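Q: Protein chains in written order, with the authors' numbering: chain H, 2 to 35, 35A to 35K, 36 to 52, 52A, 53 to 82, 82A to 82C, 83 to 100, 100A to 100E, 101 to 113; chain D, 520 to 546, 566 to 663; chain F, 520 to 546, 566 to 663; chain B, 520 to 546, 566 to 663; chain L, 2 to 91, 96 to 108; chain A, 33 to 58, 65 to 134, 136 to 138, 147 to 184, 188 to 306, 309 to 321, 321A, 322 to 397, 411 to 504.
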Ligand SMILES: *[C@@H]1O[C@H](CO)[C@@H](O[C@@H]2O[C@H](CO)[C@@H](O[C@@H]3O[C@H](CO[C@H]4O[C@H](CO)[C@@H](O)[C@H](O)[C@@H]4O)[C@@H](O)[C@H](O[C@H]4O[C@H](CO)[C@@H](O)[C@H](O)[C@@H]4O)[C@@H]3O)[C@H](O)[C@H]2NC(C)=O)[C@H](O)[C@H]1NC(C)=O
Ligand SMILES: *[C@@H]1O[C@H](CO)[C@@H](O[C@@H]2O[C@H](CO)[C@@H](O[C@@H]3O[C@H](CO)[C@@H](O)[C@H](O)[C@@H]3O)[C@H](O)[C@H]2NC(C)=O)[C@H](O)[C@H]1NC(C)=O
Ligand SMILES: *[C@@H]1O[C@H](CO)[C@@H](O[C@@H]2O[C@H](CO)[C@@H](O)[C@H](O)[C@H]2NC(C)=O)[C@H](O)[C@H]1NC(C)=O
Ligand SMILES: *[C@@H]1O[C@H](CO)[C@@H](O[C@@H]2O[C@H](CO)[C@@H](O)[C@H](O)[C@H]2NC(C)=O)[C@H](O)[C@H]1NC(C)=O
Ligand SMILES: *[C@@H]1O[C@H](CO)[C@@H](O[C@@H]2O[C@H](CO)[C@@H](O)[C@H](O)[C@H]2NC(C)=O)[C@H](O)[C@H]1NC(C)=O
Ligand SMILES: *[C@@H]1O[C@H](CO)[C@@H](O[C@@H]2O[C@H](CO)[C@@H](O)[C@H](O)[C@H]2NC(C)=O)[C@H](O)[C@H]1NC(C)=O
Ligand SMILES: *[C@@H]1O[C@H](CO)[C@@H](O[C@@H]2O[C@H](CO)[C@@H](O)[C@H](O)[C@H]2NC(C)=O)[C@H](O)[C@H]1NC(C)=O
Ligand SMILES: *[C@@H]1O[C@H](CO)[C@@H](O[C@@H]2O[C@H](CO)[C@@H](O)[C@H](O)[C@H]2NC(C)=O)[C@H](O)[C@H]1NC(C)=O
Ligand SMILES: *[C@@H]1O[C@H](CO)[C@@H](O[C@@H]2O[C@H](CO)[C@@H](O)[C@H](O)[C@H]2NC(C)=O)[C@H](O)[C@H]1NC(C)=O
Ligand SMILES: *[C@@H]1O[C@H](CO)[C@@H](O[C@@H]2O[C@H](CO)[C@@H](O)[C@H](O)[C@H]2NC(C)=O)[C@H](O)[C@H]1NC(C)=O
Ligand SMILES: *[C@@H]1O[C@H](CO)[C@@H](O[C@@H]2O[C@H](CO)[C@@H](O)[C@H](O)[C@H]2NC(C)=O)[C@H](O)[C@H]1NC(C)=O
Ligand SMILES: *[C@@H]1O[C@H](CO)[C@@H](O)[C@H](O)[C@H]1NC(C)=O
Ligand SMILES: *[C@@H]1O[C@H](CO)[C@@H](O)[C@H](O)[C@H]1NC(C)=O
Ligand SMILES: *[C@@H]1O[C@H](CO)[C@@H](O)[C@H](O)[C@H]1NC(C)=O
Ligand SMILES: *[C@@H]1O[C@H](CO)[C@@H](O)[C@H](O)[C@H]1NC(C)=O
């Protein structure tokens, strides 16, 4: 699936940043039994990578009902949501520090039982720079 | 061979491979495909049940080839046994005796009923 | 005669015309008529199969009338053979023994299983 | 006992009370419940009928226990008879034969057919 | 759930065979995924559940689990495979990763 | 010398999946119990012995099948009901009188110009709507679901109250029930008994607290698939029920509005008496004791010296953050922060605020949304509460304070608790065995 992502961003320390990841024509599945469209139970994961070191996991949003879950050491300053009408997912990171500057990826997870924590399609990556 | 393999063969050849083709007699929402499949399945089951009951009434249930006790009236076909068993195919033989088919079924049913009643009478003593 | 012809007749006639009234036990969109017809056909098939399985359990499959190995306890009925078979209709006998049917069915089932086991053990020689 | 009563028991106890579960193999608008129940009933009848097909092709129709005339090839299971019939329940036995069913099934039918043919050739004299 | 990866970096010439080791402090079963990131390029999955190939990846990568040890064999290396390999488990991710480059 | 023999009626089963039918014992209700075949008063449950069967609650097919079945029942039930397309019109909405501090702007007095009986003249008609059911553009408001999906109003006659349904496999199939009280989610169950129909299953609709569930026969039980996983929801099953009341103290009166030739739409008319917030009452002592039991049974999976902290929901849509459930015919979304606030370490009743929505789109379906009809009079619904849907938040390996929050959302996890001890088996009554016999 195509995962468009927002353009690069620059913010000041102590501000908030908003990153949007769009996955057109992928929020809905077919339930052939009822023969009706439903909202899929996919998980939109969010990953971050500082320049030089390996990736890190921020959170994920199950889009079926907007359920979320964040990493322990980011809790209290990151909010994750999705808009099913626009088929997009929004990451709102608040109170960025100097070390929070990095490239952020949105990842798509089919949430299949057989393969736990699998990301298939990745966004182009949005680089966010924080400084004064 | 397999299913219907020896259909055009002789009575002699075909009369020994009954099982290979008798075995294959039995092998969602309310959409068009679903209802068609369900109707087809129940129709196949009904046809097989009709045939099995027809076997059962003449006391041949569970027998591929059973012997009977009703004489073969030559009016149906006066051809020699060897001729019909060494040259024809089953389709031709069936076509020949198509119109003489209900009568033999009735004779078979009456003969089996009479034989069963006689057997019960004998088993009484 | 015909279907249910011997219904008013005594035992003697009815016990010889089983086949004539056993021959007719078995004889596309989602419209009300269509669904009613499909349910009716499935119901007929299910009833026939239930009866046939009950016959098969008692080891009498393929037979119109079969003899068994359990005796007739006088508790079920004390009426003698002669008037039973020359005096009353089948329906009257059924109404007379209807409330005793389950236990006798169980008796036949158990006896048939025991007889089959004994026959297998004897054949083991 | 009851349905599947001897499921965990050994071979001997199960082989004595087959009929308790043999007898329990068979027992409106177009809404969801209606179609679901209809499919369930048709599927149950079809499964029982396939079972009856396999039994009839082996010449054991109506018999809970029947014997055959083919050798038990040791390549399937070369284990002592007494330990098989006093140790392993039917489930474990199936789990140790499940790879080898189809072939033996075919053998059965073939033998049966051959036997029938031979029997017919004997009875023509 | 701690996850570590070895070696920190390695090098191999064209067409060789290499292995990368991932050690998980717990028995997480077969739920291991490996991800490859070319420099200046978002990473893409190549192996999931540690023994089943991802869509659209050449068959030269074959995974394997030996207890808590996880590794895959990379054969006949060609120079579009130079990059960074990370082994991810569950929520955790391997710090650093392994950098593979030609010599 | 040995010969094969077939054995009809052999007791051999295999794992299989097959459609099962409902059966309930006897007013129309949303579950078509009038179509279920009646169940026998005394099910012929049969105990077994010396038999061990592997159970996998998380790969069970029954749960998915029954979820699909419930979805179909819901869709077919609301299909032949009055449409509500004309309601998507401009609304003139004012703030509403005798209201406490918990209803500041919650209720909106909205008037529109719905057509009268004949489709030529407009009539000014007023009604009341809940603030979660309107969106601003006195001011102008529109129904919230007027730009994404159409609205259909459930017929007021049919009730949504759950009714127990028994699941019966078709002929030739059996349902294996595991009676092992200590049996966790996945594994062999030594004490397994066959049956023809499942026990009373109440298709309840809830997200955070498993209302009206089935209690475990021993100490509180925790179940999960790969409990190491964060994502996988952690099923809980209480031994002893935790009473809960969750009433609405208002006295709203229904009013009929003729929106077409015969199609009538029911609106919340005037409210007789004052207005008070809907609330849930839970006896604090019982909830505290239940939490103590659950943390005692939860320390086993992590260690005796670990720290367990109950935190409220992380966030998301209204149906997940708060405890959402049906009662009497009205949907409730109740703030659950009052419960999951404890920080367990090695008379009075708590009250949970609630809010009421009238557009319901559970099992999100792009194109349809139910308008819950108003219910006249006060509503009270005692509920037993049997299980929770907790999810372990992630944790850095340095610290050892696991935090549990009441997640959920998916109804499959909700329903896996009621079918946790059931499996479907296909009987294979054919078998072959060696024997000394040799058929003549
Ligand atoms: C978990 O399980 C519990 C079981 O205890 C459920 O509690 C039931 O909830 C329903 C839903 O409200 C209750 O049903 C209502 O009962 C009211 C009381 O009825 C009694 O009293 C009147 C006299 O006042 C008698 O006439 C009557 O026979 C009863 O003895 C009724 O007044 C309500 O009537 C409304 O609905 C009916 C149709 O059912 C309409 O005809 C009326 O006009 C009116 O609109 C209603 O019937 C029920 O009483 C509760 N208890 C029991 C034992 O069932 C929980 O709801 C359930 N929770 C979940 C989430 O599933
Ligand atoms: C929601 O708003 C509507 C519209 O205002 C309210 O209905 C209106 O209520 C008033 C109450 O004063 C009615 O006024 C009438 O006044 C005459 C005398 O002038 C009196 O005799 C009547 O008994 C009545 O009080 C008015 O007719 C009525 N309808 C309209 C169209 O205005 C409604 O009460 C409001 N509901 C809530 C909960 O606030
Ligand atoms: C389950 O296993 C036990 C033991 O393996 C069985 O107990 C046997 O019962 C019969 C019936 O009286 C005795 O003759 C045997 O001696 C018992 N076994 C032993 C080892 O003494 C039991 O029958 C099996 N089945 C059930 C349903 O419990
Ligand atoms: C966690 O999940 C993994 C896989 O999702 C389980 O590993 C087993 O993997 C094999 C692969 O062939 C499957 O056949 C088994 O069915 C899996 N086991 C189970 C119980 O499903 C692993 O067992 C799970 N549990 C733990 C504690 O790791
Ligand atoms: C349908 O209408 C709703 C209500 O206005 C829209 O949701 C709002 O969208 C704006 C767009 O910037 C947001 O700022 C608001 O926060 C949204 N409101 C809520 C309650 O989330 C929705 O986008 C509309 N959908 C379409 C397809 O037009
Ligand atoms: C549920 O109980 C079963 C019982 O067999 C557990 O399965 C094994 O249990 C033993 C000891 O209890 C462990 O050493 C194994 O690692 C378990 N195997 C697997 C595949 O889990 C099972 O772990 C229990 N599950 C839960 C969630 O408690
Ligand atoms: C809730 O409102 C209803 C509807 O009015 C009340 O039921 C009747 O109310 C009228 C006046 O509105 C009284 O004259 C009747 O006597 C009431 N019927 C009774 C009491 O059976 C109902 O009383 C109101 N609820 C409360 C708690 O006051
Ligand atoms: C839920 O508990 C609250 C606790 O305050 C109850 O509210 C009180 O109810 C009594 C009942 O007579 C009133 O006298 C009080 O004025 C109410 N408020 C306070 C602050 O005490 C409420 O009634 C309970 N509801 C249910 C359904 O149990
Ligand atoms: C929930 O409501 C029920 C019914 O109103 C309460 O149970 C009754 O409470 C009263 C008041 O103490 C007792 O006199 C009764 O004996 C209780 N039982 C019954 C059947 O009426 C229950 O206490 C409430 N739950 C709370 C407040 O947490
Ligand atoms: C969970 O609890 C937190 C605090 O314990 C709640 O956070 C408050 O949220 C409200 C509005 O949602 C804000 O006005 C407060 O400023 C927040 N306070 C803090 C300390 O965060 C949160 O709302 C609760 N969530 C739920 C679903 O109950
Ligand atoms: C749910 O209940 C919590 C209980 O704390 C509410 O949180 C408080 O909300 C009030 C607003 O009435 C604020 O003044 C407090 O600062 C909040 N405290 C905390 C610790 O968050 C919360 O607002 C309620 N509603 C939701 C949606 O969470
Ligand atoms: C077809 O005819 C040939 C001609 O002799 C014969 O040998 C053969 O058995 C017949 N049947 C088949 C199936 O070939
Ligand atoms: C009706 O009863 C009379 C009694 O005399 C009997 O002769 C006659 O055969 C009966 N009818 C039939 C059709 O058997
Ligand atoms: C609950 O019980 C524990 C001990 O069982 C006690 O320490 C605590 O004060 C009680 N109340 C709450 C709200 O935790
Ligand atoms: C709640 O649990 C108790 C426990 O005995 C039980 O008696 C009762 O029927 C259950 N349901 C209700 C509504 O109380």
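All C-beta atoms in this analysis are idealised placements derived from N, C-alpha and C, irrespective of residue type, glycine included.
How many Å lie between residue 50/A and residue 217/A at the Cα?
A: Between residue 50/A and residue 217/A, the C-alpha separation is close to 12 Å.
Q: Spatial neighbours of residue 101/A within its chain, please: CB distance less than 7 Å, with the 5 preceding and 5 following residues excluded, ordered by chain position.
A: Only 476, 479, 480 and 483 meet the Cβ criterion.
Q: Helix, strand or coil, according to DSSP, for residue 273/A in the structure here?
A: Reduced to three states, the DSSP call for residue 273/A is strand.
Q: Name the chain A residues whose beta carbon is nearer than 7 Å to that of residue 574/B?
A: Going along chain A in sequence order, the residues near residue 574/B (Cβ under 7 Å) are 51 and 53.
Q: Compare the C-beta of residue 625/B with all C-beta atoms of chain A and state if any pair is closer than 7 Å.
A: So, not an interface residue.
Q: Shorter than 7 Å from the beta carbon of residue 581/F to some beta carbon of chain B?
A: So, not an interface residue.
Q: Tell me whether residue 48/A, by its Cβ, gets closer than 6 Å to a heavy atom of ligand 12.
A: No - ligand 12 has no heavy atom lying nearer than 6 Å to the Cβ of residue 48/A.
Q: Give the C-beta separation of residue 623/F and residue 531/F to the nearest angstrom, bearing in mind that I take them to be a contact with Cβ-Cβ under 8 Å.
A: Yes, they are in contact, since the Cβ atoms of residue 623/F and residue 531/F sit about 6 Å apart, within 8 Å.
Q: I believe residue 14/L touches residue 101/L by the beta-carbon criterion, under 8 Å. Please report the beta-carbon distance rounded to the nearest angstrom.
A: 23 Å between Cβ atoms; not a contact.
Q: Taking any heavy atom of ligand 13 as the mark, which residues have a C-beta closer than 6 Å to it, listed down the chain?
A: Those residues are 527/F, 528/F and 532/F, given in chain order.
Q: CA-CA distance, residue 313/A and residue 167/A?
A: If you take the alpha carbons of residue 313/A and residue 167/A, they lie about 12 Å apart.
Q: First and last residue of the beta strand (DSSP E) that includes residue 80/H?
A: Unbroken beta strand (DSSP E) run through residue 80/H: 77-82A.
Q: Please list the residues of the stretch 94-118 of chain A that have a C-beta atom closer than 8 Å to any C-beta atom in chain B, keeping them in chain order.
A: Correct list: 107, 110, 111 and 114.
Q: Using only CA atoms, which one of 75/L, 103/L, 85/L and 68/L lies nearest to residue 125/L?
A: In the structure displayed, chain L extends from 2 to 108; residue 125/L sits before or after that span and is not available.
Q: Consider the Cβ of residue 38/L: report whether some Cβ of chain A lies at a distance smaller than 7 Å.
A: Not closer than 7 Å to any Cβ of chain A, the Cβ of residue 38/L fails to qualify, so no.
Q: Can you tell me whether DSSP reads residue 488/A as helix, strand or coil?
A: Reduced to three states, the DSSP call for residue 488/A is strand.
Q: Which residue or residues does DSSP assign as beta-bridge partners of residue 22/L?
A: Looking at the DSSP assignment, residue 22/L forms a beta bridge with 7/L and 72/L.
Q: In the DSSP assignment, what residue or residues form a beta bridge with residue 595/D?
A: Partner(s): none; residue 595/D has no beta bridge.
Q: From the DSSP output, in three-state form, read off residue 358/A for me.
A: Residue state, collapsed to three classes: strand.
Q: Is the beta carbon of residue 35F/H less than 7 Å from the beta carbon of residue 30/H?
A: Yes, the pair counts as a contact, with Cβ atoms nearer than the cut-off.
Q: Going by CA-CA distance only, name the one from 588/F, 652/F, 610/F and 601/F that's closest to residue 638/F.
A: It is 610/F.
Q: By a C-beta neighbour count over all protein chains shown, 10 Å radius and 16 as the cutoff for buried, is residue 80/L buried or exposed?
A: Exposed is the call here.
Q: Would residue 465/A and residue 323/A be called neighbours here (beta carbons separated by less than 7 Å)?
A: Not in contact: residue 465/A and residue 323/A (Cβ atoms no closer than 7 Å).
Q: Could you confirm whether any beta carbon from chain F is found closer than 7 Å to the beta carbon of residue 641/B?
A: So, not an interface residue.
Q: By Cβ distance below 7 Å, which residues in the same chain neighbour residue 180/A in space, the five residues on each side in sequence not counted?
A: The answer, listed in chain order, is 193, 194, 421, 422 and 423.
Q: For residue 43/L, write down the residues that DSSP places opposite it in a beta bridge.
A: None, per the DSSP bridge assignment.
Q: Taking contact to mean at least 3 C-beta pairs separated by less than 8 Å, is the stretch 25-45 of chain L in contact with the stretch 262-279 of chain A?
A: With the cut-off at 8 Å, the stretch 25-45 of chain L and the stretch 262-279 of chain A touch.
Q: Establish whether the CB of residue 602/D and some CB of chain B are separated by less than 7 Å.
A: Yes, residue 602/D lies at the interface with chain B (some Cβ there is under 7 Å from its Cβ).
Q: Around ligand 15, which residues pass a check of Cβ closer than 6 Å to any of its heavy atoms?
A: The answer, residue by residue, is 291/A, 446/A and 448/A.
Q: Taking the Cβ atom as the reference point for each residue, do residue 537/F and residue 588/D lie within a distance shorter than 7 Å?
A: It is not a contact, given that the beta carbons lie outside the stated cut-off.
Q: Given that a residue counts as buried once 16 or more other Cβ atoms are within 10 Å of its Cβ, and exposed if not, what is residue 443/A?
A: Counting Cβ neighbours within 10 Å, residue 443/A comes out buried, since at least 16 surround it.
Q: Report yes if the C-beta of residue 393/A is less than 6 Å from at least one heavy atom of ligand 14; otherwise report no.
A: It does: the Cβ of residue 393/A is within 6 Å (strictly closer) of some heavy atom of ligand 14.
Q: Measuring straight from C-alpha to C-alpha, what distance separates residue 237/A and residue 486/A?
A: Between residue 237/A and residue 486/A, the C-alpha separation is close to 13 Å.
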